[PDB]
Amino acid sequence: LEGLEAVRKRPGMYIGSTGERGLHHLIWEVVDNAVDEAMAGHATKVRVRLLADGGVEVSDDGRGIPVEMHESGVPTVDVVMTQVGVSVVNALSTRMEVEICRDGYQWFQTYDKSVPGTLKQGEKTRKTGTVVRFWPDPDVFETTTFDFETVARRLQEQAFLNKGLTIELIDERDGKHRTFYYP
């Protein structure tokens, strides 16, 4: 967790600012990982929800973040959320939730002020994919309001670059919705 403490100590080092543009770094990172699964993991659908409480949910129907034991002796999902680019989202969020469908099972993990909980094996499923929820820390960010039009423009770009990918955007704050798809 030394990397995460470094991000929390100097957030602007990692996301440039703690204003609106800094806040949107977090949604870009999680969206990017979901969209990466379209080229790499045969995902057909990405969904982004702007939650009523300021949180964000991103989901894909890709391979699912690996849950197998990493060489560092913890589930790979914990390595991802502490070491890869998306670990900045974990560092600067009060909490994150991860749901994974892979290897014939649902899996659930939580991060509480970036600290991993205990990976839980849930029910059997033939489905695959990943859901990440995160709640930006208002102690870090001078604004916590995501901009629907800013997010829409990024998702339209990502649909155009990933032909056949459906991207759904839902604003739970006001009900606005958009679906992006290029054949």
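Start at 1 and count along the sequence shown; that's the residue number.
Comparing 112-120 with 28-36, the stretch with the higher mean C-alpha B-factor in the PDB entry is 112-120. Between 18-26 and 170-178, it is 170-178 that carries the larger average Cα temperature factor according to the deposited entry.
When all modelled residues of the chain are sorted by CA temperature factor, residue 94 is found within the middle third. In the deposited entry, the Cα temperature factor of residue 53 sits in the top third of values across the chain's modelled residues. In the PDB entry, residue 84 places in the highest third of its chain by CA B-factor. Per-chain ranking of the deposited C-alpha B factor places residue 154 in the middle third.
Sort the modelled residues of the chain by CA B factor and residue 72 lands in the highest third.
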